[PDB]
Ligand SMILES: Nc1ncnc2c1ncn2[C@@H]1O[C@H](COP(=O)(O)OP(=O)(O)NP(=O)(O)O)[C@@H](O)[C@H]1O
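There is one chain below, alone, in structure tokens, taken in the form deposited without the named molecule.
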């Protein structure tokens, strides 16, 4: 006893009080906060690195993969096999490869070539070198990573010191070595820390695991932290495993008050002086040597061995941590001591043995107590995160020291239970611990890799090549011809109807004109004053009127009676009733023009059911209603198509404009054609603006080779199945539906919304052009995109969001391109029509998709350029082709009945 008491005082500084431990527990808690915070992270010693592991094995894990484990006591290679069974275990085998101490102090190159050399042999000796099995990599060192399969070595720790690796990506470095040999082919799908592997390996057997603890050569702990606490990782949903890297605890001076002269000497003779100061007070790679130093000091003071000092006792590394354990055994502790010490050349006395055994006890007890303190900080942290008064969790443990020291386990648990009282912690030990762990993470990594490989293949069908685009342009052009020729027009799908607008405005237009814009329940009347002065100027007014459904489904005699009623109101509203004014009539329903002022209605749409209108000439129905009133008289000069109105509106300013285009809910285009070509209208002189009605392009199957399964579904479920095939791959009314139908598919395959098909996802037209234009916005953050989706009614996650945005993108790009191939055919036909080799033409466009969408117009333009280089086409957003345009068509109209 006297002896033991003499050591206790000598090593008093190595005997920490609970008061002290709690303090240390508190200091670490602060180091944890700083490392997580984005403000102090820059200069924090406890790195708290994100592992990018968001959950423990859910069981659904299955596969066959390899696993490397480098950085611990020994370098082993495992082949883990997690398969499907009826409550039966998982199989796995491992092999340890000797790694020369002069190899971990060499060049990164030699080291990774060694690891590669050992890998190939392992697979070959098992001849599984053919089936490229996924490879997991457990690397126990602080690594920076922004994804599971990347690992930038922050620095080396423990006994490694290979140059040319720090600051580099070990995965690339390994892939580099595996290549150099080319003996085989490896798939490093993931890189994980050993603490992570341990937590995984044990969480598999216990879904309560949230902490991985390593206590061996080195020491470290990882836990499950709230994303909303990990400032340096964008997100807020779920959890992510954090790699504290607590071995560096104190590397900034925080622990100088508890470190002794022996601790500092141990540091001076170390590979990484000044680093991992806490670790050097705890882990097994240092325990043995720490005791030796204490023994040398004592012999030197004649406190032990009667001052006798031998060359062996002074040689670094002669007293291993394994002697510390042998000496602390309950049974043969003191006998082991005598043997060990004796082997050191010393001649120990019974007193010497007891003393040396108490030094061991004091040194290893400190290790235990210190780790209880820091682990307790992680427990309190978990207790706070869950807001629970008492904590219940399972800790995954591993490490040569913890597993082989006879007293560590017990002392560690005892002290821990005394510092962190309101909690019941379960400690699960693991066989390989990080062997099966890297496998579970690899498993998930592979999984997500296939999902992406698949998703990429599905979206590939939407990728049109410049050659396909040329065919599309080729085919559109042929369709155009069939519709112009008189011999095939009746059977053509791209009708190419004549608008009877023989000239674009020339500036000579001057006057006051009325326009009627009818295309729904809310139509409008307008007054447009045009002054052909020195300076072109046009002012206008307009009021909107409603059409009671009762009248929409009225008798056609009431419909036009009501409309003239509204016009009668407007004229008074503008204070201009009296004179016989000219009026342009924009009729946005399926019509067939037989003259500038005549158009037969082929079918009602948008809810109109007025009787005795279909088949009749709308302009006559209007003229008849006007006369029925006898209050005033108008001179209906024309019936107008809004697309044609859009070009006219544009031509008025930009004279090189001879093409109009609409890309909104629907799509159409027009252009000035040569009369000699309009076989449907007598006269080979002059020009004629043609209203293509190009949305029917492909209605005879000519696009059937570029349409996808989702294009077909959208058609199958559309109201006009088999019709408007082209407009269905380009208009804002369907784009969302192609998108929605892809999402449903992916949801079923389980790549989105947890495989759960939402009711909102089942609703058609949920993805309007407005919301389609947002999700793809450059100025939007993924957290906003996610908000938008959730706002629609989709329980999307940051991850879902990334997916939905990609799909949208794929669909809208093809839309713009397919639109470009179309537009590309028109301009070239115009060029060739006039026998030119270079054409400069402007196009007037309108439409909520072209206008609101972030990338449609751009990609569209890029495309027309590639497919039609002999043409220099310019696109100008021209609005109100239905009002201003109809008026301009009217002004040009009256102007021409004079010539």
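Residues that one form lacks are left out of the comparison. Numbering follows the first chain given and starts at 1. What we label the rigid core is the largest C-alpha set whose atoms superpose within 1.5 Å from one form to the other.
Here the subject shifts to the form deposited with the named molecule bound, a form of this protein not shown in this document.
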The named molecule contact at residue 362 in the bound PDB entry, heavy atom, 4.5 Å: yes
Contact test in the bound PDB entry: residue 369 vs the named molecule, heavy atoms, 4.5 Å: yes
Exercise: residue 623 in contact with the named molecule in the bound PDB entry, heavy atom 4.5 Å: no
Residue 477 within 4.5 Å of the named molecule in the bound PDB entry, heavy atoms: no
Per-stretch contact check against the named molecule in the bound PDB entry, the hit in 555-563, 405-413, 749-757, 625-633 (non-hydrogen atom, 4.5 angstroms): 405-413
Residue (of 318, 358, 229, 805) lying close to the named molecule in the bound PDB entry, criterion heavy atoms within 4.5 Å: 358
Core-superposed comparison between the shown form and the other one - Cα displaced by 2 angstroms or more, from 181, 159, 676, 329: 676
Core-aligned C-alpha movement of residue 698 between the shown form and the other one, 2 Å or more: yes
After fitting the core, residue 479 CA displacement of 2 Å or more between the shown form and the other one: yes
Is_shifted residue 627 between the shown form and the other one (CA, 2 Å cut-off, rigid core): yes
Segments of at least three residues whose Cα atoms shift by 2 Å or more between the shown form and the other one, after superposing on the rigid core: 85-89, 431-433, 449-796, 800-899
